[PDB]
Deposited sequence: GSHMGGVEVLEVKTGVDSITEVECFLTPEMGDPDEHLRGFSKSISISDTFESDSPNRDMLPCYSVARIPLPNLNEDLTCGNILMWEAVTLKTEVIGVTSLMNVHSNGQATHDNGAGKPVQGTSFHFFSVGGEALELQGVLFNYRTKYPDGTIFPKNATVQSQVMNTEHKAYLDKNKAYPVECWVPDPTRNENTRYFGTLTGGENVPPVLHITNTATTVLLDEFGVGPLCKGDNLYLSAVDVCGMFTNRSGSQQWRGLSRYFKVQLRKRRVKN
C-alpha cells in the first residue's frame, strides 16, 4: 500500500480513551485481579497449570468512526497503570516481613507490556517447558516439541480474544507486527520491587522512521496490555499473581492510502 497525505482540519482527528482490565485468572468471586495460588509440579512431565492460575494477555478491539481510501493513523499514546497505590495495602491477610512486622507487599517477577496496532497483535509461542499441559479454555502453542522451548515457527497466533492467551506461552512476534508498536519489560527475580511511575505529562510517539503510525484496517484500533505487578504472599506463604488495569489515550488522524 502507498501511504499518501494526512488530512487536515477539525474533523480530521479523533481520540480513543479507555482502560484494559488485567486478566490474572480470577480464582473466585472475591479475587478479581489475582491469580489462583501457585502450585508447583513434581516434574516437567507433570506440569499441568489450571486456567485460573495463568495470567493472560488483555486486548480490546475499538471501533473507529467509519471512513468508507482513508485510514485512521495512530500517532500518539498516553498510558499508565491504574491504581498503583493499592499496593500499599500491607494490612490485608499478608505474610509478615518478620515477627510483629507489616505484611509483605506485592513483589517478585513482573511483566509490563502495551501495544497499539491497526490489526491484532501477532504472537509467537515460546514455552519454558514443552511438556506443560495447558488447560481447556486457553489458546496455547499446539503440536509442541522440544524445539518449542527455544523457537518453533509453527506457533503463530493473533491476540484476538480476551482471557485466552496465557502470558507465559506467547510473545509479540518480531518477524511480523509491521502495523503495530509494542513495548514490554520482564523483570524477573523473586524479590524484585515494583517501580511504577504515573504522570499525565508523558506521551509516546507511534510514528516509525518514515513518519507513519499504525493504520487501522476496517476502522478498528487494537490495544493490548499485560501488567503483572508481581506476587501477593498471603499469611500461609502461598503466592498469587496480582495485576492492575492500564489506561490508554490514543490520538489518531486521517491518512489517505492507495491500493
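Mapping the modelled residues onto the deposited sequence reveals missing stretches at 1-6, 75-81.
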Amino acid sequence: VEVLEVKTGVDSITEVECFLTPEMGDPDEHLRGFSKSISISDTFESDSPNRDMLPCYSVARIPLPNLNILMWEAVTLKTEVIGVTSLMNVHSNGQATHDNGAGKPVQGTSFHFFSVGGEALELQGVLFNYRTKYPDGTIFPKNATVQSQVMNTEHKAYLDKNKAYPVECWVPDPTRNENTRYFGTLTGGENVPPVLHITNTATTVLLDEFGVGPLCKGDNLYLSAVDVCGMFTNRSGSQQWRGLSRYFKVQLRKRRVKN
From here on, numbers count along this sequence of modelled residues.
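Just going by the entry, 224-232 versus 201-209 on mean CA temperature factor gives the higher value to 201-209. As the entry records it, the average C-alpha temperature factor is higher for 21-29, out of 21-29 and 240-248. Of all the options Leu70, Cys56, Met53, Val195, the entry's greatest CA B-factor is assigned to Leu70.
Residue-level inspection of the entry shows that, of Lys78, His98, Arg181, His112, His98 has the top Cα B-factor. Per-chain ranking of the deposited C-alpha B factor places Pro174 in the lowest third. When all modelled residues of the chain are sorted by CA temperature factor, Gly218 is found within the highest third. When the modelled residues of the chain are ordered by their C-alpha B factor, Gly137 lands in the highest third. When the modelled residues of the chain are ordered by their C-alpha B factor, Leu121 lands in the lowest third. When the modelled residues of the chain are ordered by their C-alpha B factor, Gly188 lands in the highest third.
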